[PDB]
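Novice:
Number of protein chains: 2
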Amino acid sequence: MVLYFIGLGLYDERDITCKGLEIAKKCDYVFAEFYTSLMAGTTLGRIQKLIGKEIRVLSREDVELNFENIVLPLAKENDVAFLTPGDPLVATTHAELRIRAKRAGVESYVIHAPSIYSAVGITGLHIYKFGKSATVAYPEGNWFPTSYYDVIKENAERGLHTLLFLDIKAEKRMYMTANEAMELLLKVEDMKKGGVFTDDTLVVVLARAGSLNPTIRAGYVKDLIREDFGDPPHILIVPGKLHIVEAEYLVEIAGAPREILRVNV
Amino acid sequence: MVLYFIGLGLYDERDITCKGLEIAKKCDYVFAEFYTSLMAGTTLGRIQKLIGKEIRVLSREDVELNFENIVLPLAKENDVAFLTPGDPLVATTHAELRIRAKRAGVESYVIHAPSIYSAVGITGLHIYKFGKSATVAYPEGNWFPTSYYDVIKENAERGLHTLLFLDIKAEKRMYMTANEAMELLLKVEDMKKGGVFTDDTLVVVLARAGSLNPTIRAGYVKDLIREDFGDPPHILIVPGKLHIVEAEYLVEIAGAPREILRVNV
Ligand SMILES: Nc1ncnc2c1ncn2[C@@H]1O[C@H](CSCC[C@H](N)C(=O)O)[C@@H](O)[C@H]1O
Ligand code: NA
Numbered sequence: 001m002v003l004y005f006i007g008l009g010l011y012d013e014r015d016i017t018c019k020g021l022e023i024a025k026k027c028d029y030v031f032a033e034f035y036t037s038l039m040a041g042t043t044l045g046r047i048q049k050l051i052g053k054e055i056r057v058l059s060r061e062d063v064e065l066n067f068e069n070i071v072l073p074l075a076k077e078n079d080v081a082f083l084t085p086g087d088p089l090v091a092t093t094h095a096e097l098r099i100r101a102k103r104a105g106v107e108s109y110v111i112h113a114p115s116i117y118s119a120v121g122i123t124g125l126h127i128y129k130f131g132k133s134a135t136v137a138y139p140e141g142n143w144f145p146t147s148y149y150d151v152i153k154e155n156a157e158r159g160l161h162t163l164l165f166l167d168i169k170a171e172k173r174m175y176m177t178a179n180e181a182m183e184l185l186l187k188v189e190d191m192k193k194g195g196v197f198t199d200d201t202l203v204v205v206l207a208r209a210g211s212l213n214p215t216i217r218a219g220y221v222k223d224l225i226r227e228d229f230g231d232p233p234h235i236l237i238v239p240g241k242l243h244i245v246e247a248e249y250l251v252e253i254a255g256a257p258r259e260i261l262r263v264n265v
Numbered sequence: 001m002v003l004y005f006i007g008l009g010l011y012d013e014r015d016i017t018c019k020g021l022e023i024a025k026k027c028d029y030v031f032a033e034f035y036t037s038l039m040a041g042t043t044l045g046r047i048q049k050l051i052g053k054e055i056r057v058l059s060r061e062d063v064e065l066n067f068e069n070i071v072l073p074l075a076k077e078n079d080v081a082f083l084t085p086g087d088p089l090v091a092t093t094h095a096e097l098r099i100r101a102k103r104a105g106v107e108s109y110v111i112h113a114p115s116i117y118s119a120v121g122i123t124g125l126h127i128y129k130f131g132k133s134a135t136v137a138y139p140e141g142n143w144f145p146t147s148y149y150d151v152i153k154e155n156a157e158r159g160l161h162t163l164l165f166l167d168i169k170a171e172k173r174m175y176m177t178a179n180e181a182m183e184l185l186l187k188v189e190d191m192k193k194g195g196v197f198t199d200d201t202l203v204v205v206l207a208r209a210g211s212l213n214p215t216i217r218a219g220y221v222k223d224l225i226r227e228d229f230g231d232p233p234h235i236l237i238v239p240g241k242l243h244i245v246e247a248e249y250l251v252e253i254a255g256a257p258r259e260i261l262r263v264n265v
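Taken in sequence, the protein lines are chains A and B. Taking the deposited numbering, the leading residue of the first sequence gets 1, the next gets one more, and so forth. Taking the deposited numbering, the leading residue of the second sequence gets 1, the next gets one more, and so forth.
Structure below.
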């Protein structure tokens with residue numbers, strides 16, 4: 001009578017840890033959701049074939065409203081697994097599902113998996129220099145989210161990098177690209193005019209982390225805003241003050257303009 | 001002709017990803033480093049047994065000074081693997097190694113794995129709320145470093161959580177405990193008197209992230225500074241103002257006192 005939260009990783013079914021795989025193979029019932037992120041290199045079949053079980057995919061509503069009615073009941077008499085993209089507790093609200101499990105008298109365990117939050121290390125930017133993170137959300141009707149713009153400003157003033165999770169509407173199969181995120185940011189800059197995000201701002205794009213050939217690009221907005229970074233998922237990063245070696249990496253590995261090697265201390 | 005940077009995960013030999021294990025097994029040579037961190041829930045022998053390859057351990061100097069004379073030469077005519085605890089490229093000096101690979105005409109690919117950076121999500125604290133990260137270092141001789149205290153100050157001041165890595169002496173296999181870290185911080189608070197870290201400060205301790213039975217504890221320094229958090233390694237987090245959902249998780253899951261539901265929200 002246990003519930004396992006198991007991350008599947010960044011790109012394909014093999015990004016799962018061996019610990020999670022062996023545990024998943026021996027669970028009675030296996031559930032999962034694919035609305036918190038996109039694993040571009042795999043399919044449900046591949047996942048099912050890898051763990052040797054049929055997986056019941058749950059919708060956001062099934063989880064947020066009926067987790068305790070669909071999943072927990074079974075966990076009271078069996079060993080149940082709940083699979084998610086990346087790490088199950090990073091930039092999701094799944095952590096609260098553990099409280100529900102507790103209230104239903106169900107023991108829960110977390111099996112971590114590679115996450116985009118730590119994968120940013122592949123950009124060459126020192127991971128400890130990242131500040132507050134934010135999400136660039138799609139404007140809805142007359143509602144135009146902008147708080148993520150202030151997060152960048154706040155981190156930039158402190159010389160810290162800003163990681164920007166990009167929006168996702170799984171049901172509409174919509175995955176915000178770094179380009180769309182750059183366009184939204186420019187529109188917010190146009191209205192707020194804080195000199196936070198312009199055509200001359202240096203940004204970094206990481207696409208399909210987890211795959212062997214992710215797209216890692218660094219450069220000025222004016223040049224990257226119309227560039228093709230490949231299929232989603234994407235994340236956008238606005239670096240703060242760069243260390244010489246961060247700039248060297250961005251140039252040598254992310255194809256940034258050599259001139260960023262010239263750091264303004 | 002190929003060098004693989006492969007993460008070993010958080011705690012034991014099963015924390016590597018299925019993808020990382022397959023690739024490691026197919027490599028001609030396998031190197032590893034255990035100076036940036038250790039795999040406390042396993043041994044070199046168990047890791048070597050799992051991969052079925054002999055693992056040549058490299059020291060900090062081997063890597064930082066001679067990576068190109070020890071690892072890259074073999075990577076020119078074979079498939080080589082470089083294993084590191086956690087997620088590759090997280091340790092600040094590792095990203096530069098890919099530049100060294102490029103300069104040597106060696107292709108490199110990164111195979112991610114869980115990192116404490118994302119695994120701390122198990123504390124219930126929202127990831128986007130973490131600010132700049134830092135390391136608590138042991139004072140030595142006439143050197144009393146305190147920047148990690150200022151980091152906590154700048155983060156907390158902006159409502160952000162501060163992730164604190166604790167000092168480690170890999171070669172001597174000696175870890176700084178959360179208890180020791182708190183003592184130092186109270187000591188630093190006594191000299192700077194900035195009202196950042198006191199007996200009433202709320203803190204979270206995460207130990208053995210990755211294992212199925214990690215220690216997640218939250219409470220005030222006055223009650224935790226002498227509590228036994230078990231075997232290392234320990235991770236210390238000084239949360240900023242909490243969101244009610246975070247506080248509820250720390251209470252129900254991390255045994256935090258209900259007092260935080262009114263005092264720290
Ligand atoms: N492989 C990947 N490459 C690029 N961005 C990714 C990614 N996986 C997730 N993201 C980013 O994160 C968003 C989902 S947020 C949920 C993150 C997940 N729990 C994790 O641990 O990674 C996506 O919309 C995208 O912006
Ligand atoms: Na961070």
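Where is the CB? At the ideal position from N, CA and C, for every residue including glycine.
Look up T123 (chain A) in the DSSP assignment and say whether it is helix, strand or coil.
Specialist: Mapped onto the first sequence, residue 123 (chain A) falls at position 123. Residue state, collapsed to three classes: helix.
Novice: Does ligand 2 have a heavy atom nearer than 7 Å to the CB of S108 (chain A)?
Specialist: Locating residue 108 (chain A) in the first sequence gives position 108, counting from the first residue. No, the Cβ of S108 (chain A) stays beyond 7 Å of every heavy atom of ligand 2.
Novice: Could you tell me which residues DSSP pairs with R173 (chain B) in its beta bridges?
Specialist: If you number the second sequence from 1, residue 173 (chain B) lands on position 173. In DSSP, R173 (chain B) forms no bridge with anything.
Novice: When the cut-off is 8 Å and only beta carbons count, does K153 (chain A) lie next to chain B?
Specialist: On the first sequence, residue 153 (chain A) is found 153 positions in, with the first residue counted as 1. No, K153 (chain A) does not count as interfacial toward chain B.
Novice: Which residues of chain A have a Cβ atom closer than 7 Å to the Cβ of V265 (chain B), listed in chain order?
Specialist: Stepping through the second sequence from its first residue, residue 265 (chain B) is reached at position 265. Those do not exist, as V265 (chain B) stays about 15 Å from chain A at its closest Cβ, beyond 7 Å.
Novice: Indicate, with yes or no, if ligand 3 has a heavy atom lying under 7 Å from the CB of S147 (chain A).
Specialist: Summarising the ligand content, the structure contains ligand 1 and ligand 2 and does not contain ligand 3.
Novice: If we define contact as Cβ-Cβ less than 8 Å, is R98 (chain A) a contact residue for chain B?
Specialist: Taking the first residue of the first sequence as 1, we reach residue 98 (chain A) at position 98. Yes, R98 (chain A) counts as interfacial toward chain B.
Novice: If you draw a straight line from the alpha carbon of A113 (chain B) to that of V245 (chain B), how long is it in whole angstroms?
Specialist: Position 113 of the second sequence, counting from 1, holds the residue named residue 113 (chain B). Position 245 of the second sequence, counting from 1, holds the residue named residue 245 (chain B). If I take the Cα positions, the gap works out to 28 Å.
Novice: Rounding to the nearest angstrom, what Cα-Cα distance links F197 (chain B) and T123 (chain B) in this structure?
Specialist: Counting from 1 along the second sequence, the entry for residue 197 (chain B) is found at position 197. Counting from 1 along the second sequence, the entry for residue 123 (chain B) is found at position 123. Distance between the alpha carbons of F197 (chain B) and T123 (chain B) is about 20 Å.
Novice: Counting C-beta neighbours from all protein chains within 10 Å, is the total for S37 (chain A) 16 or more, i.e. buried, or is it exposed?
Specialist: Walking along the first sequence from the start, residue 37 (chain A) turns up at place 37. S37 (chain A) should be labelled buried.
Novice: For a cutoff of 8 Å on Cβ pairs, would you count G194 (chain B) as touching chain A?
Specialist: Residue numbering aside, residue 194 (chain B) sits at position 194 when the second sequence is read from its first letter. No, because no Cβ of chain A sits closer than 8 Å to the Cβ of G194 (chain B).
Novice: Use the C-beta contact count for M176 (chain A): other C-beta atoms within 10 angstroms, 16 or more gives buried, fewer gives exposed.
Specialist: Translated into positions along the first sequence, residue 176 (chain A) becomes position 176. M176 (chain A) is buried by the Cβ-count criterion.
Novice: For my contact list, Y149 (chain B) and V188 (chain B) are in at a C-beta cut-off of 8 Å; report their separation, rounded to the angstrom.
Specialist: By one-based count along the second sequence, residue 149 (chain B) stands at place 149. By one-based count along the second sequence, residue 188 (chain B) stands at place 188. Their Cβ separation, rounded to whole angstroms, is 5 Å, which keeps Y149 (chain B) and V188 (chain B) in contact under 8 Å.
Novice: Going by DSSP in three states, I6 (chain B) sits in which element: helix, strand or coil?
Specialist: Residue mapping note: residue 6 (chain B) aligns to position 6 of the second sequence, counting from 1. In this structure, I6 (chain B) counts as strand in the three-state DSSP scheme.
Novice: Count the other C-beta atoms from every protein chain shown that fall within 10 angstroms of the C-beta of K222 (chain A), then say buried if there are 16 or more, exposed otherwise.
Specialist: Taking the first residue of the first sequence as position 1, residue 222 (chain A) is located at position 222. Classification for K222 (chain A): exposed.
Novice: Mind pulling the chain B residues with CB within less than 7 Å of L21 (chain A)?
Specialist: Taking the first sequence and counting its residues from 1, the one referred to as residue 21 (chain A) is at position 21. What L21 (chain A) touches in chain B: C18.
Novice: Please list the terminal residues of the continuous alpha helix (DSSP H) segment that includes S147 (chain A).
Specialist: Position 147 of the first sequence holds residue 147 (chain A). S147 to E157 is the extent of the alpha helix (DSSP H) around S147 (chain A).
Novice: Strictly below 7 Å CB to CB, what residues from chain A border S115 (chain B)?
Specialist: For the purposes of this step, residue 115 (chain B) is taken as residue 115 along the second sequence, with counting starting at 1. Per Cβ cutoff of 7 Å: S118.
Novice: Count the other CB atoms within 10 Å of the CB of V71 (chain B); is the residue buried (16 or more) or exposed (fewer)?
Specialist: Along the second sequence, one-based indexing puts residue 71 (chain B) at 71. Classification for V71 (chain B): buried.
Novice: I'd like to know whether the C-beta of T84 (chain B) is nearer than 8 Å to at least one C-beta of chain A.
Specialist: By one-based count along the second sequence, residue 84 (chain B) stands at place 84. Output row for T84 (chain B): interface = no.
Novice: Are the Cβ atoms of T93 (chain B) and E68 (chain B) separated by less than 8 Å?
Specialist: Against the second sequence, residue 93 (chain B) aligns to sequence position 93. Against the second sequence, residue 68 (chain B) aligns to sequence position 68. Going by C-beta atoms, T93 (chain B) is not nearer than 8 Å to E68 (chain B).
Novice: Go ahead and pull the three-state DSSP assignment for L166 (chain B).
Specialist: Numbered from its first residue, the second sequence carries residue 166 (chain B) at position 166. DSSP places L166 (chain B) in strand when its eight states are reduced to three.
Novice: Beta carbon of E183 (chain A), beta carbon of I225 (chain A): below 8 Å?
Specialist: Your numbering for residue 183 (chain A) matches position 183 in the first sequence. Your numbering for residue 225 (chain A) matches position 225 in the first sequence. Their beta carbons are under 8 Å apart, which means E183 (chain A) touches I225 (chain A) by this criterion.
Novice: For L83 (chain B), which beta-bridge partners are listed by DSSP?
Specialist: As a working mapping, residue 83 (chain B) is identified with position 83 in the second sequence. In DSSP, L83 (chain B) forms a bridge with B:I6 and B:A32.
Novice: Express the C-alpha separation of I127 (chain B) and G121 (chain B) in angstroms, rounding to a whole number.
Specialist: Sequence index remark: in the second sequence, residue 121 (chain B) carries index 121 (1-based). Sequence index remark: in the second sequence, residue 127 (chain B) carries index 127 (1-based). Going from the Cα of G121 (chain B) to the Cα of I127 (chain B) covers about 6 Å.
Novice: Please indicate yes or no: does the CB of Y117 (chain A) lie closer than 7 Å to some heavy atom of ligand 1?
Specialist: Working through the first sequence from its first residue, we reach residue 117 (chain A) at position 117. Within the cutoff, so yes.
Novice: Could you tell me the distance, in whole angstroms, from the CA atom of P214 (chain A) to the CA atom of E259 (chain A)?
Specialist: What you label residue 214 (chain A) is simply residue 214 of the first sequence in a count that begins at 1. What you label residue 259 (chain A) is simply residue 259 of the first sequence in a count that begins at 1. Computed Cα separation, rounded: 24 Å.
Novice: Who are the Cβ neighbours of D199 (chain A) in its own chain at under 6 Å, not counting the five residues just before and after it?
Specialist: Here residue 199 (chain A) corresponds to residue number 199 of the first sequence, with the count starting at 1. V221 and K222, listed in sequence order.
Novice: With distances taken from CA atoms, which of B:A40, B:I6, B:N179 and B:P145 is nearest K192 (chain B)?
Specialist: In the second sequence, residue 192 (chain B) corresponds to position 192, counting from 1. Nearest of B:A40, B:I6, B:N179 and B:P145 to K192 (chain B), Cα basis: B:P145.
Novice: Just to confirm my understanding: we take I152 (chain A), look at its own chain, exclude 5 residues before and 5 after, and list those with CB closer than 7 Å. What are they?
Specialist: The count along the first sequence starts at 1 and reaches residue 152 (chain A) at position 152. Result list for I152 (chain A): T162, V196, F197 and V238, in chain order.
Novice: Can you tell me whether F165 (chain A) sits near ligand 2, meaning its C-beta is under 7 Å from at least one heavy atom of the ligand?
Specialist: Numbered from its first residue, the first sequence carries residue 165 (chain A) at position 165. Not under cutoff, so the answer is no.
Novice: From the DSSP output, in three-state form, read off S118 (chain B) for me.
Specialist: Your numbering for residue 118 (chain B) matches position 118 in the second sequence. In the structure shown, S118 (chain B) sits in a helix (DSSP, three-state: H, G or I).
Novice: Which residues in chain A sit within 8 Å of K132 (chain B), going by Cβ to Cβ distance?
Specialist: Here residue 132 (chain B) refers to the residue found at position 132 when the second sequence is read from its first residue. In chain order: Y128, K129, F130, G131, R158 and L160.
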